[PDB]
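S.K.: Sharing a structure with you now.
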Amino acid sequence: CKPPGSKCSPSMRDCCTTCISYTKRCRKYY
(Lines give C-alpha, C1' and ligand atoms only; values in the text may rest on other atoms or scores of the structure.)
Protein backbone atom coordinates (compact mmCIF):
# COMPACT_ATOMS: atom_id res chain seq x y z
CA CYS A 1 0.00 0.00 0.00
CA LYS A 2 0.95 3.58 -0.44
CA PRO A 3 2.06 5.58 2.67
CA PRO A 4 0.08 8.71 3.79
CA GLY A 5 0.61 11.67 1.54
CA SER A 6 1.41 9.57 -1.49
CA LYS A 7 -0.37 10.02 -4.66
CA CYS A 8 -3.01 7.43 -5.32
CA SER A 9 -5.80 6.22 -7.43
CA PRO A 10 -9.27 7.29 -6.06
CA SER A 11 -11.26 4.10 -6.63
CA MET A 12 -8.40 1.74 -5.87
CA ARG A 13 -7.91 2.98 -2.32
CA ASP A 14 -4.40 1.56 -2.65
CA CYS A 15 -3.13 3.61 0.25
CA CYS A 16 -2.40 2.13 3.63
CA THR A 17 -5.16 4.25 4.99
CA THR A 18 -7.48 5.73 2.42
CA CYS A 19 -7.08 7.59 -0.86
CA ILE A 20 -8.49 11.08 -0.81
CA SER A 21 -10.61 11.18 -3.95
CA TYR A 22 -10.21 14.97 -4.15
CA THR A 23 -6.51 15.42 -3.53
CA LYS A 24 -5.53 12.01 -5.00
CA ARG A 25 -3.37 11.55 -1.95
CA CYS A 26 -3.18 9.06 0.81
CA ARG A 27 -5.16 9.99 3.85
CA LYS A 28 -3.79 10.72 7.29
CA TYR A 29 -4.05 8.15 10.01
CA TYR A 30 -6.81 9.80 11.87
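Each chain in the C-alpha coordinates gets a letter, A, B, ..., in the order shown, and its residues are numbered from 1; ligands are numbered from 1 in order too.
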What's around residue 12 (chain A) at 12 Å? Count only C-alpha atoms, leave out sequence neighbours fewer than 4 positions away in its own chain, and write the answer as a CSV table (one decimal) with N, CA and C atoms, in the first residue's frame.
M.R.:
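As written to disk, part.csv reads:
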chain,number,residue,atom,x,y,z
A,1,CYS,N,0.8,-1.2,0.0
A,1,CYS,CA,0.0,0.0,0.0
A,1,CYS,C,0.9,1.2,0.0
A,2,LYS,N,0.3,2.3,-0.4
A,2,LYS,CA,1.0,3.6,-0.4
A,2,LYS,C,0.9,4.3,0.9
A,7,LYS,N,0.6,9.8,-3.6
A,7,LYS,CA,-0.4,10.0,-4.7
A,7,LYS,C,-1.0,8.7,-4.9
A,8,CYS,N,-2.3,8.7,-5.1
A,8,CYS,CA,-3.0,7.4,-5.3
A,8,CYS,C,-4.1,7.5,-6.4
A,16,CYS,N,-2.4,2.9,2.4
A,16,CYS,CA,-2.4,2.1,3.6
A,16,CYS,C,-3.6,2.6,4.5
A,17,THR,N,-4.0,3.8,4.3
A,17,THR,CA,-5.2,4.3,5.0
A,17,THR,C,-6.4,4.3,4.0
A,18,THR,N,-6.4,5.4,3.3
A,18,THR,CA,-7.5,5.7,2.4
A,18,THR,C,-6.9,6.6,1.3
A,19,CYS,N,-7.5,6.7,0.2
A,19,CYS,CA,-7.1,7.6,-0.9
A,19,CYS,C,-8.1,8.7,-1.0
A,20,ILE,N,-7.6,9.9,-0.7
A,20,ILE,CA,-8.5,11.1,-0.8
A,20,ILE,C,-8.9,11.3,-2.3
A,21,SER,N,-10.1,11.1,-2.6
A,21,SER,CA,-10.6,11.2,-3.9
A,21,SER,C,-10.5,12.6,-4.6
A,24,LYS,N,-6.2,13.2,-4.4
A,24,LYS,CA,-5.5,12.0,-5.0
A,24,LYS,C,-4.3,11.7,-4.1
A,25,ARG,N,-4.5,11.8,-2.8
A,25,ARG,CA,-3.4,11.5,-2.0
A,25,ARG,C,-3.8,10.6,-0.9
A,26,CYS,N,-2.9,10.0,-0.2
A,26,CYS,CA,-3.2,9.1,0.8
A,26,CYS,C,-3.5,9.8,2.1
S.K.: From the DSSP assignment of the backbone, select every residue of chain A that is strand (DSSP E), and format the answer as a list in words.
M.R.: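 For chain A, the strand (DSSP E) set is residues 19, 20, 25 and 26 of chain A.
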